[PDB]
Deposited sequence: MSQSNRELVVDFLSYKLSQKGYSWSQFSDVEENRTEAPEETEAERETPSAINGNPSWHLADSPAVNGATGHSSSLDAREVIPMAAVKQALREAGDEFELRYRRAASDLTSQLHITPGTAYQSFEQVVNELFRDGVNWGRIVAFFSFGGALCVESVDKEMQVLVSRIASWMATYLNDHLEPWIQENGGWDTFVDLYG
């Protein structure tokens, strides 16, 4: 999915805009907006993270996909559900914001790619089995 890709960029742009940073490096609309409020709702409710997750990752430009993958896997240690996909997306957002705080802005489009790879590979199967983003919208939107 180029579609999945678009979700990722839209989510991460939203978070970057929201938190006072640039987003320059860059039904659908209903999915997008539902995911936008879902992360906000998950971040307010938690403040839990990222945790030793971003902690666990300490991203640099020498970081490769596989390390990202290894960390994000801890989220899905009990398999997938809608909440953990919310957290996966909020996770990506936090990692973009840290990247920019460390003056590592190049990473932002990289992190976006990883997220889209990880999504399309490990998450799309479960998502498709449980009703697609339609259901995500029935439950969140």
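What the model leaves out of the deposited chain are the segments 1, 28-81.
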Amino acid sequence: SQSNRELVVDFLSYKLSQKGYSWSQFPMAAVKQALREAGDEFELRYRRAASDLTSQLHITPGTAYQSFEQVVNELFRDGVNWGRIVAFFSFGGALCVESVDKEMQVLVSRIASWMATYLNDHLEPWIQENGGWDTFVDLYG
From here on, numbers count along this sequence of modelled residues.
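Relative to its counterpart among 86-94 and 102-110, 102-110 has the higher mean temperature factor, C-alpha atoms as listed in the PDB entry. Once the C-alpha B-factors are averaged per stretch, 77-85 and 56-64 rank with 56-64 first. Of the candidates 115, 49, 34, 72, the one whose C-alpha carries the top B factor in the deposited record is 49. Among the modelled residues of its chain, residue 17 has a C-alpha B-factor that falls in the lowest third according to the deposited record.
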